[PDB]
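The structure appears below as structure tokens.
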Amino acid sequence: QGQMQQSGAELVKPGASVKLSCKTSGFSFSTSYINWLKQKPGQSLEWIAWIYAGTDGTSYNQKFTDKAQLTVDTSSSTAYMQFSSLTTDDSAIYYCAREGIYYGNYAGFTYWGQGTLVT
Amino acid sequence: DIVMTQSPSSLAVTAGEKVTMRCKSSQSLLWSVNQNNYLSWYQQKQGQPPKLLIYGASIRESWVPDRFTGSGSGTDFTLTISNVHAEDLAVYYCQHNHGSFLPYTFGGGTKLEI
Amino acid sequence: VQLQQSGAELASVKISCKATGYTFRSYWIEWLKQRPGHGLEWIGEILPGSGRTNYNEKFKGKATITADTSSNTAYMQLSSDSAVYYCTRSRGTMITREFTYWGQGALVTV
Amino acid sequence: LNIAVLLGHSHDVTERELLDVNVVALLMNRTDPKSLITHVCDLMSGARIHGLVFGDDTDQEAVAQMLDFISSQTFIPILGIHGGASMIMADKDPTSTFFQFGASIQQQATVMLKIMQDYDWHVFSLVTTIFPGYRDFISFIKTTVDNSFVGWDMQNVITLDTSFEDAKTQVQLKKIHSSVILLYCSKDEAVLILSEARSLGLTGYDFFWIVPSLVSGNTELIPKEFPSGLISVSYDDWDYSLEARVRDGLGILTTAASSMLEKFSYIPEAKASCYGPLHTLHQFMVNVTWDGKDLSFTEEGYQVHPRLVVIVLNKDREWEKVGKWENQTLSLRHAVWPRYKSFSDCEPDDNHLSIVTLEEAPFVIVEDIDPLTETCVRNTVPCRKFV
Amino acid sequence: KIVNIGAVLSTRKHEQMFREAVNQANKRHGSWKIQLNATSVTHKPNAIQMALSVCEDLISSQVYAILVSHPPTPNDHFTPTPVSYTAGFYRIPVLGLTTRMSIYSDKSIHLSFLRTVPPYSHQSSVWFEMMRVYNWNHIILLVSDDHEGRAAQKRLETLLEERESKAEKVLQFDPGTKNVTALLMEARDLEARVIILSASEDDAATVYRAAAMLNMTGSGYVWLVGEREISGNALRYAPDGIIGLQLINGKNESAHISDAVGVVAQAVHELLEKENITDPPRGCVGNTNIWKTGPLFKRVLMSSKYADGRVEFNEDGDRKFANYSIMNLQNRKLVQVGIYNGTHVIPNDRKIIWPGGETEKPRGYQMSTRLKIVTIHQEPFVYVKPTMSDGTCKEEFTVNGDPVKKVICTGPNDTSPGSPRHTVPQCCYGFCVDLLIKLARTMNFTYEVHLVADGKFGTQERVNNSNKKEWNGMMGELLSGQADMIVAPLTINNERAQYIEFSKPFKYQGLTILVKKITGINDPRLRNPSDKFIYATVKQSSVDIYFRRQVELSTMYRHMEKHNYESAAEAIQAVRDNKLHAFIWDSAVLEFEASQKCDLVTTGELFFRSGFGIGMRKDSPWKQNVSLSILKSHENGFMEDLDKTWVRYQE
């Protein structure tokens, strides 16, 4: 079974940058899609961006297009999200999830990380 | 962003009863070419990552018991539990999965109480 | 060929160096520092024709040199040092790389 | 402008004979890449030199490759004058600004077909090895024949597969029945193939052999298997020394810089240092002529009017220069083709009939050659009269 | 008894795996005294310092092989070129692992370069393989990077040579441009919908934006792009329904380097069994000599065959039997829809959803109906008359009560020296006009009659520039695309059949002489003519070429050259003034002329019995039914009726 492990909790000064890591294993890292979601405590998750590892195709939320950047490392099969210009609004829990696709048809996020809290 | 309307906002029932939770999208999530609804039902419990419950507004996951029943099509959708258990207590969200209707958005959510 | 410059100063500053004796788009322009107590120094050069710029490692990151092809002026900006300044031009025969035409001199002080 | 003239020679070429123009004259012996890089980076700190004229005495062709690469990485034009550095390469790059002298394969092929036409040898074949660049030669020949006034007779093309086993390759070698044969091979394979053909007996006087400048290597290095009378053309003109070549290069550079100054004054620019571009001569010296000599280039970097020379192998086992190349035409010092019956000491060729006739009205009709194509009509025959 | 190996790696985990593989290379090879010494260097932002450092260090270590294995270069140039050139100066083989530029297959520049990944010409080969699946023969080509565009085009030509098919259009330009809408409009008018894309991502996004503005993503459009075309911002502008390909395991550097190192170890052990094993010197200083086993070692590595997948270098030193995947843009989420075997394509169960309608293959080969016909001023077949008042033709009736069906024809007033540019719509009628009307009535299409800018049939003539032979006249216009189908008294010969197509000839006649009131060509006074017997023919007509073909009539070719007339009317008028004495021309035309003018007389000989037919374009569906219609017209009494109209009648 696939596993996605995220980085630990971060205390970042306002206006500074954080770069979160998400190690993936147990599946084809190159031929899947990974999504970063922002979930404030007591709030629903906010989709940030998705990236395809096989083609480096990147697509960000308009609210986070100028705030978040995504990178991957094929050797380590680890996803990366670098959040810059951090503000107190960014005090939330970020999650990385792997898309579930059946018969070539995506059916929803089937795999999840443990979650990371950025203060 | 397609506005996802969930009703009711919360409910409390006794064990063994039947409940119904509705999901309404501002736009038709059905694509005419394939006639499939880009709606997904989820079960989110406290302190855990949300667990994918029903996709396509009608198909249960392998781990989802038959007691869960998702219905509705187009803009209006419904999640129904024929036999409510205490373990089902969670906040359930419906989220659209239509790629042409980016970005992905979530409804207000329904809190289940026992 | 004659040269003219700005006035005295007394943060950041800018000093102009205007050419009125030749075709300003052909020859390089060099900046010199002559702080009293020693001979001189060397800052950088600029070619107005193409805009290629080279700077000295000692003064790198502190002096920015720019030129305007329309008014035939040279601008050197020092950011964030009290010395006499000169803008000069070579004869053009090359190789020797000597300095023949001299400006007036702008005295900056802090 | 600031031009550096570097010569890597074993032949004793000294140095004293070599608005802002300065020239650099040096003599170099070694040809290792680290030395090239070190010298280039040292001189690049020497007063902003924009011009580089280089020649080599060795016959190594990687020197031109490294020169082109460094020119691209420094955006500085470089010339090829002599040796392996002046050898015409395959396909230059627009990013590069390196230029050479001498002709490509297509120009020499056109000259070869002109030579063949001027002797009316209209029956031939085509022999090609696995040497790279053969398919371009094949395509150029196919395109050249179909738009010609001659109507050449071409046998099927002979292509080698490996070092000939003499099992199935000899099957193709036997079917060669023409008198003129075209061969495209490297020097090492030429000895093998020529010994093979001499064993097959296709080394007769009428079995002429034509090869490009590629197979003709060192003038001193002459294999014994080349019959006395091999047809070769190479751009090595021994009447013009390297001094004229570098002088013409200086003229080209000065004219290009002078003409590019008026359109834009700040053209000459070289990079500051090895460690740590809008208007140039890259697309400007296409048209240029100095002292009448049209030294213009092509869009791929080649020359427009090179200096090709026709050479053959005399009985003294020497490459004998015979025919040169004019502006577009072809001159021949020996109008009447020598027989060269003695290629080796085992060749007693003696099959010919000197026939002399007299002008008789219904039997011997003497007519002037057709000026439209400069060829006797097919139902006539060649002749001559000592007038 | 020691082997030195130089490598360029930055990631420390990959270098650790590289050292592990080097150590494990001595496992299955026994306890022989051969040793493998490892040497690695990291990145530097520059490309000259890296080059010199790597060259000097791996020369001093006296290594045998060098590797380049870094995809994520911030520099977009992807240049291992200094390493390759420097290690090729001593003919020491170099191994590439990431770079896929087609320039590196050329071994005239890169003397000692090999790589285990295929350049993009293999993608063109896979595209040609895909062409074998859906029976497609018309394509439109567009390649931007001219460094590899020529190579891609040459590979496509080699692929197409087996079927002997030619692309409808090819294009190359300078990458980074944006105004490419003109070429898109040019391609829109064509019949093929097959679009081949191979360019940079900037160009791909630009052309996707331009095509989306021009609305060329409808039904029937064939889309096919390479791997480089669907990454970065190019994926953002990709129209839905497109087909993409995938390089399997082209980025997992671990197994790639593992296989490369295993191959290197086996090749080194294979070479160790041979004699004359020299070593590279410290060529950094004063060692100007090449490795005398350089080509030997390279050829040993070229014959490297393995089975543990199979790694095999071709004559280009590239890996074959690479596995390719097929991806489809389903609502902008990539879905695997097919795979490519070593030489086969295996589609999966996923549906092939297209930008337009059906999932079945859309026949993106358009059809044609409006035909631009060209014809010439023929005295008994094509008449010329100015319009009555404005674009109108006087409805004259024949003596049989049949109205004369005319057609509005647009042609110049006179020749260029007399009338430079004066074209007015006129009325045309005769024989071929009626034939064309019958053809249009029988079938389903439309047409537009227009004239030819000159009055010459067409000859192949050298243009004064480039020394190249060019055509003119009817063939000059037809090959230029301005015409579609030549309907005229077309003389069938051997030159025309090579360049254009024909149908069954509709005429049967030969050649003769018009005289005024010799016995054919066998007249001795015409064998050696003089200033008295004047025989002439039409300049740049098929008869002049026919007489030039047989050099036995060179003197006749040397006499007619002084009196060639532009049109048959000029010759007839001149001989009516008795300024001419003979006129080699067709039989039917001169017979109708003799019927018109009683003084016109023909000779006896009837030679070169050819026919007149309908000129066409190249192989087109406008051929089979056209020839069938011509035959069906010949079989019944239609030809007799047309002869009653024009041929049979006498004056």
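Take residue A:36 and decide whether it is in contact with a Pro (Cβ under 7 Å, 6 or more places away or on another chain), away from chain E (no Cβ under 11 Å) and either over 26 Å from residue B:92 (Cα atoms) or not acidic (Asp, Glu) (or both).
no
Being touching an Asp or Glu at 6+ places or on another chain (Cβ under 7 Å) and under 24 Å from residue E:55 (Cβ atoms) is the filter here; which residues of the range D:27-57 pass it?
Listed by number, the residues that qualify are D:31, D:34.
Every residue in the range E:406-434 that is of a type in the set (A, V, I, L, M) and under 22 Å from residue E:569 (Cβ atoms), please.
Listed by number, the residues that qualify are E:407, E:424, E:433.
In the range E:439-463, which residues are of a type in the set (D, E, K, R), closer than 23 Å to residue E:585 by Cβ and part of a strand (DSSP E or B)?
E:461
Would you kindly identify the helices (runs of 4 or more DSSP H) lying entirely within the range D:101-214 that contain at least 2 residues that are among the β-branched types (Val, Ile, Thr) and buried (at least 17 other Cβ atoms within 10 Å of the Cβ)?
Those helices (runs of 4 or more DSSP H) span D:105-118.
Taking the condition of being part of a loop (DSSP other than H, G, I, E, B) and more than 14 Å from every other protein chain (Cβ to nearest Cβ), how many residues in the range C:39-67 meet it?
9
If you take the residues in the range E:535-589 that are exposed (fewer than 15 other Cβ atoms within 10 Å of the Cβ) and hydrophobic (A, V, I, L, M, F, W, C), which one is farthest from the other protein chains (Cβ to nearest Cβ)?
E:569
Just wondering, is there one or more residues in the range E:298-314 that are in a loop (DSSP other than H, G, I, E, B) and charged (D, E, K, R)?
Looking for residues that are in a loop (DSSP other than H, G, I, E, B) and charged (D, E, K, R), one finds at least one in the range E:298-314, hence yes.
Would you mind telling me which numbered condition in (1) surrounded by fewer than 13 Cβ atoms within 10 Å (Cβ to Cβ); (2) within 14 Å of chain D (Cβ to nearest Cβ) residue E:522 fails?
Against the list (1) surrounded by fewer than 13 Cβ atoms within 10 Å (Cβ to Cβ); (2) within 14 Å of chain D (Cβ to nearest Cβ), residue E:522 comes up short only on (2).
Tell me, which residue of the range C:1-38 that is among the polar types (S, T, N, Q) and within 14 Å of chain D (Cβ to nearest Cβ) is farthest from residue D:268 (Cα to Cα)?
That would be C:23.
In the range A:96-119, which residues are aromatic (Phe, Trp, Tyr) and within 12 Å of chain E (Cβ to nearest Cβ)?
The answer is A:102, A:103, A:106.
For every residue, the table says whether it meets (1) surrounded by 10 or more Cβ atoms within 10 Å (Cβ to Cβ); (2) within 14 Å of another protein chain (Cβ to nearest Cβ); (3) part of a loop (DSSP other than H, G, I, E, B).
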| site | (1), (2), (3) |
| --- | --- |
| D:295 | yes, no, yes |
| D:354 | no, no, yes |
| D:357 | no, no, yes |
| D:364 | yes, no, yes |
| D:373 | yes, yes, yes |
| D:378 | no, yes, yes |
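Collect the residues in the range E:107-119 that are away from every other protein chain (no Cβ under 13 Å), hydrophobic (A, V, I, L, M, F, W, C) and not in a strand (DSSP E or B), keeping them in residue-number order.
Hit for the range E:107-119 is E:117, nothing else.
Of the conditions (1) at the interface with another protein chain (Cβ under 10 Å from one of its Cβ atoms); (2) surrounded by 20 or more Cβ atoms within 10 Å (Cβ to Cβ); (3) closer than 25 Å to residue B:91 by Cβ, residue A:46 fails just one. Which one is it?
Condition (2) is where residue A:46 drops out.
Across the range E:248-287, what is the number of residues that are away from chain A (no Cβ under 14 Å), surrounded by 15 or more Cβ atoms within 10 Å (Cβ to Cβ) and in a loop (DSSP other than H, G, I, E, B)?
4
In the range A:70-95, what residues are more than 19 Å from residue A:29 (Cβ to Cβ) and within 14 Å of another protein chain (Cβ to nearest Cβ)?
Across the range A:70-95, the qualifying residues are A:93, A:94.
Can you say whether residue E:70 is more than 10 Å from every other protein chain (Cβ to nearest Cβ), over 28 Å from residue E:287 (Cβ atoms) and of a type outside the set (S, T, N, Q), as far as the supplied structure shows?
In short, yes.
In the range C:70-110, how many residues are in contact with a strand residue (DSSP E or B) (Cβ under 7 Å, 6 or more places away or on another chain), of a type outside the set (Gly, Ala, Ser) and outside any strand (DSSP E or B)?
The qualifying residues number 7.
Check residue E:155 against each of (1) part of a helix (DSSP H, G or I); (2) out of contact with any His (no Cβ under 9 Å at 6 or more places or on another chain) and name the one condition it does not meet.
Status for residue E:155: all satisfied but (2).
Is it the case, given these coordinates, that residue D:37 is surrounded by 14 or more Cβ atoms within 10 Å (Cβ to Cβ), of a type in the set (A, V, I, L, M, F, W, C) and either touching a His at 6+ places or on another chain (Cβ under 6 Å) or within 14 Å of chain C (Cβ to nearest Cβ) (or both)?
It is false that residue D:37 is surrounded by 14 or more Cβ atoms within 10 Å (Cβ to Cβ), of a type in the set (A, V, I, L, M, F, W, C) and either touching a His at 6+ places or on another chain (Cβ under 6 Å) or within 14 Å of chain C (Cβ to nearest Cβ) (or both).
Residue-wise test of (1) in a strand (DSSP E or B); (2) buried (at least 19 other Cβ atoms within 10 Å of the Cβ).
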residue	(1), (2)
A:66	no, no
A:81	yes, yes
A:94	yes, yes
A:108	yes, yes
A:117	yes, no
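State which residue is nearest to residue E:224 (Cα to Cα) when the search covers only the range E:355-411 and only residues that are among the basic types (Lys, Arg) and outside any loop (DSSP other than H, G, I, E, B).
Selected residue: E:370.
Does at least one position in the range E:88-106 carry a residue that is within 11 Å of another protein chain (Cβ to nearest Cβ), within 22 Å of residue E:259 (Cα to Cα) and more than 32 Å from the chain's Cα centre (by Cα)?
So far as the range E:88-106 goes, no, none of its residues is within 11 Å of another protein chain (Cβ to nearest Cβ), within 22 Å of residue E:259 (Cα to Cα) and more than 32 Å from the chain's Cα centre (by Cα).
Using ideal geometry, Cβ is built from the backbone for each residue, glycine included, and neighbour counts are taken over all protein chains shown. Where a number appears in this text, it was derived from the coordinates with a stated rule and is not lab data.
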